[PDB]
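Student: the amino acid sequence is not available; the structure is as follows:
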Ligand SMILES: C[S@@+](CC[C@H](N)C(=O)[O-])C[C@H]1O[C@@H](n2cnc3c(N)ncnc32)[C@H](O)[C@@H]1O
């Protein structure tokens with residue numbers, strides 16, 4: 001058993017109020033009041049982020065931890081926060097975005113955020129059975145939370161396998177992907193094998209809630225995986241009991257228009 005496994009057990013033992021206070025304490029949170037109502041009313045001429053994912057990917061890019069360029073694939077795009085972010089980057093030439101949709105899952109939000117015309121959305125697509133194709137940058141933000149850490153480990157393992165399949169097709173592609181449960185043993189093993197062949201490492205974004213252990217793997221960084229994970233587990237465990245709130249920051253606005 002790992003520190004991350006203990007984190008999960010402590011998290012599941014929180015009351016609803018303890019959980020609400022814990023998940024937000026000390027995290028950066030974009031202010032989505034305006035964005036939420038625009039989307040609800042169906043305004044399509046907006047460049048405000050369609051989801052909380054845009055600022056996470058922007059932080060990775062702005063830190064230099066990811067390289068977004070060329071033909072981009074967004075595997076599991078949901079509302080499209082990463083696809084709209086990528087499409088606004090001048091180095092990006094096109095985005096092919098795929099998501100399953102269906103009951104209980106987010107369909108792409110349709111807006112004129114800068115570069116929207118360079119995105120091809122396909123909803124109703126399962127990426128785990130879809131043949132890879134050529135790409136310069138592969139992105140995947142898949143990983144559904146569950147109270148069962150073993151289920152989260154298996155979901156994470158499937159994402160890493162998908163990445164391996166896209167790297168087999170595109171050995172030179174940049175990769176950035178969510179690792180939902182990085183402390184599980186089959187995840188550590190798969191990440192070690194991925195790093196052995198492709199390089200890369202893990203990083204925690206400051207927008208991730210304390211109620212998720214998610215870390216982002218990118219081929220553009222480095223670092224010992226086990227140490228990266230354990231440092232993060234210890235940080236999450238120490239935050240139980242903290243009552244400070246989140247740090248509110250403005251939401252990203254990419255502007256509107258075609259590229
Ligand atoms: C909520 S998103 C990540 C958020 C996104 N990066 C953003 O910025 O808006 C992950 C998405 O992957 C989708 N998904 C999960 N499994 C999938 C699969 N096997 N094939 C395609 N999409 C999947 C989920 O429905 C979910 O919408």
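Tutor: Here it is on my side, so go on. Residues are numbered from 1 along each chain as shown.

Student: going forward, measure contacts between C-alpha atoms and count neighbours the same way
Tutor: Will do.

Student: what segments of the stretch 151-259 of the chain are strands?
Tutor: Using DSSP state E, counting those that start in this stretch, the strands of the stretch 151-259 of the chain run over 174-179, 201-203, 215-218, 247-250.

Student: so how far is the ligand from residue 156?
Tutor: Distance, residue 156 to the ligand, using CA to the nearest ligand atom, to the nearest Å: 11 Å.

Student: wait, that residue sits on residue 179?
Tutor: Yes. Applying CA atoms under 8 Å, one finds residue 156 in contact with residue 179, separated by 5.7 Å.

Student: which neighbours do these two share?
Tutor: Listed as contacting both residue 156 and residue 179 by CA atoms under 8 Å, 6 or more residues apart in numbering are residue 143.

Student: all strands of the stretch 1-150 of the chain, in order?
Tutor: Under DSSP E, counting those that start in this stretch, the stretch 1-150 of the chain gives strands at 28-31, 70-75, 92-99, 119-123, 137-140.

Student: redo those strands as a markdown table? Include distance to the ligand and mean neighbour count.
Tutor: Output for the strands of the stretch 1-150 of the chain, formatted as a markdown table (distance: least, CA to the nearest ligand atom, whole Å; neighbours: other CA atoms under 10 Å):
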| stretch | distance to the ligand | mean neighbour count |
| --- | --- | --- |
| strand 28-31 | 13 | 18 |
| strand 70-75 | 6 | 24 |
| strand 92-99 | 4 | 23 |
| strand 119-123 | 8 | 18 |
| strand 137-140 | 7 | 25 |
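
Student: got these as JSON lines, with distance to residue 149 columns?
Tutor: JSON lines is the format used below for the strands of the stretch 1-150 of the chain (distance: least, CA to CA, whole Å):
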{"stretch": "strand 28-31", "distance to residue 149": "25"}
{"stretch": "strand 70-75", "distance to residue 149": "23"}
{"stretch": "strand 92-99", "distance to residue 149": "24"}
{"stretch": "strand 119-123", "distance to residue 149": "28"}
{"stretch": "strand 137-140", "distance to residue 149": "20"}
